[PDB]
There are 2 protein chains.
Amino acid sequence: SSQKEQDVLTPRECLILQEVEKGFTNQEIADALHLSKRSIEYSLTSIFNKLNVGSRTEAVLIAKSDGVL
Amino acid sequence: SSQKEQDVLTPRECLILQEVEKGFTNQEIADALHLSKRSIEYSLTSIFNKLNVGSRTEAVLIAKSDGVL
């Protein structure tokens, strides 16, 4: 639970991460969740707060750092 | 030379990567190169092509994947 950070996030936020950390971008996340590059960006900017991510770059970076991918 | 992909890039493009792969975002790249979020984004979107990066996410992701950070 509190051990995790990238997966302890909200279900969508976790989906967000996996789609960024995937190795594409927020646009692919939108494409994945069926949202929009506009919609997920609002989740990326908030993941900036939640995951202490810089904006998106850490969302994908920290995942590998942790061992997620 | 041809072995590298992330660092074989243009001097700026390499600087771009290191600032994304750093663990902040393109905005920190802008702030690092003293450009702008609007100018580096133009480099990120082209690094999409150069590095085969998905937009920016791979720029920071693939770095760790390779062992850059």
# chains A, B, ... in the order shown; residues from 1 in each chain; ligands from 1
$ calpha_fit_and_write --fixed "chain A" --moving "chain B" --output "mmCIF file with C-alpha atoms, in the first residue's frame"
data_model
loop_
_atom_site.group_PDB
_atom_site.id
_atom_site.type_symbol
_atom_site.label_atom_id
_atom_site.label_comp_id
_atom_site.auth_asym_id
_atom_site.auth_seq_id
_atom_site.Cartn_x
_atom_site.Cartn_y
_atom_site.Cartn_z
ATOM 1 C CA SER B 1 0.000 0.243 0.134
ATOM 2 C CA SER B 2 2.199 3.046 1.461
ATOM 3 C CA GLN B 3 5.167 1.140 0.075
ATOM 4 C CA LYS B 4 3.954 1.690 -3.465
ATOM 5 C CA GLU B 5 3.665 5.129 -4.996
ATOM 6 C CA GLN B 6 3.021 4.611 -8.716
ATOM 7 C CA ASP B 7 0.437 1.853 -8.259
ATOM 8 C CA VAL B 8 -1.044 3.070 -4.997
ATOM 9 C CA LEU B 9 -2.428 5.819 -7.211
ATOM 10 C CA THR B 10 -6.058 5.961 -8.354
ATOM 11 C CA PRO B 11 -7.085 3.130 -10.779
ATOM 12 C CA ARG B 12 -7.026 5.609 -13.669
ATOM 13 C CA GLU B 13 -3.810 7.237 -12.453
ATOM 14 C CA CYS B 14 -2.227 3.773 -12.412
ATOM 15 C CA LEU B 15 -3.524 3.227 -15.955
ATOM 16 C CA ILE B 16 -2.083 6.613 -16.841
ATOM 17 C CA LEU B 17 1.349 5.596 -15.587
ATOM 18 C CA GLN B 18 1.455 2.241 -17.313
ATOM 19 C CA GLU B 19 0.610 3.935 -20.605
ATOM 20 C CA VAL B 20 3.335 6.611 -20.114
ATOM 21 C CA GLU B 21 5.912 4.258 -18.639
ATOM 22 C CA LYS B 22 4.977 2.017 -21.558
ATOM 23 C CA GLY B 23 7.163 4.086 -23.783
ATOM 24 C CA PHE B 24 4.876 6.228 -25.880
ATOM 25 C CA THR B 25 3.418 9.261 -24.062
ATOM 26 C CA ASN B 26 0.297 10.780 -22.472
ATOM 27 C CA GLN B 27 -1.274 10.817 -25.915
ATOM 28 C CA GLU B 28 -1.130 7.022 -26.006
ATOM 29 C CA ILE B 29 -2.666 7.020 -22.520
ATOM 30 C CA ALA B 30 -5.549 9.077 -23.900
ATOM 31 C CA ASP B 31 -5.773 6.706 -26.820
ATOM 32 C CA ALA B 32 -5.646 3.776 -24.385
ATOM 33 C CA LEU B 33 -8.255 4.978 -21.892
ATOM 34 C CA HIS B 34 -10.297 6.298 -24.811
ATOM 35 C CA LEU B 35 -10.112 9.739 -23.319
ATOM 36 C CA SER B 36 -8.197 12.508 -25.013
ATOM 37 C CA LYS B 37 -4.787 14.102 -25.008
ATOM 38 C CA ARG B 38 -6.553 17.009 -23.322
ATOM 39 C CA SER B 39 -8.154 14.882 -20.597
ATOM 40 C CA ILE B 40 -5.179 12.663 -19.710
ATOM 41 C CA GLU B 41 -2.975 15.744 -19.651
ATOM 42 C CA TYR B 42 -5.244 16.895 -16.848
ATOM 43 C CA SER B 43 -4.394 13.614 -15.140
ATOM 44 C CA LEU B 44 -0.676 13.868 -15.956
ATOM 45 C CA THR B 45 -0.518 17.351 -14.487
ATOM 46 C CA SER B 46 -2.211 16.073 -11.346
ATOM 47 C CA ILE B 47 -0.022 12.946 -11.298
ATOM 48 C CA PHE B 48 2.723 15.533 -11.073
ATOM 49 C CA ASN B 49 1.312 16.108 -7.591
ATOM 50 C CA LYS B 50 0.250 12.514 -6.789
ATOM 51 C CA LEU B 51 3.425 10.703 -7.784
ATOM 52 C CA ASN B 52 5.661 13.740 -7.149
ATOM 53 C CA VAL B 53 6.218 13.399 -10.889
ATOM 54 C CA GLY B 54 7.709 16.417 -12.662
ATOM 55 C CA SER B 55 4.775 16.536 -15.135
ATOM 56 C CA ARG B 56 4.857 13.241 -17.028
ATOM 57 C CA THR B 57 8.540 12.546 -17.518
ATOM 58 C CA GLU B 58 8.811 11.096 -14.021
ATOM 59 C CA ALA B 59 5.626 9.142 -14.486
ATOM 60 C CA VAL B 60 7.384 7.159 -17.180
ATOM 61 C CA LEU B 61 10.931 7.500 -15.648
ATOM 62 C CA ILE B 62 10.339 6.558 -12.007
ATOM 63 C CA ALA B 63 8.428 3.492 -13.176
ATOM 64 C CA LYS B 64 11.617 1.933 -14.502
ATOM 65 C CA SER B 65 13.536 3.326 -11.537
ATOM 66 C CA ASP B 66 11.257 1.327 -9.242
ATOM 67 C CA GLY B 67 11.100 -1.674 -11.521
ATOM 68 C CA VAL B 68 7.580 -1.323 -12.883
ATOM 69 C CA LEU B 69 9.010 -1.494 -16.393
#
$ select_by_dssp --residues "chain A" --states "alpha helix (DSSP H)" --output "PyMOL selection string"
chain A and resi 11-21+26-33+37-50+57-66
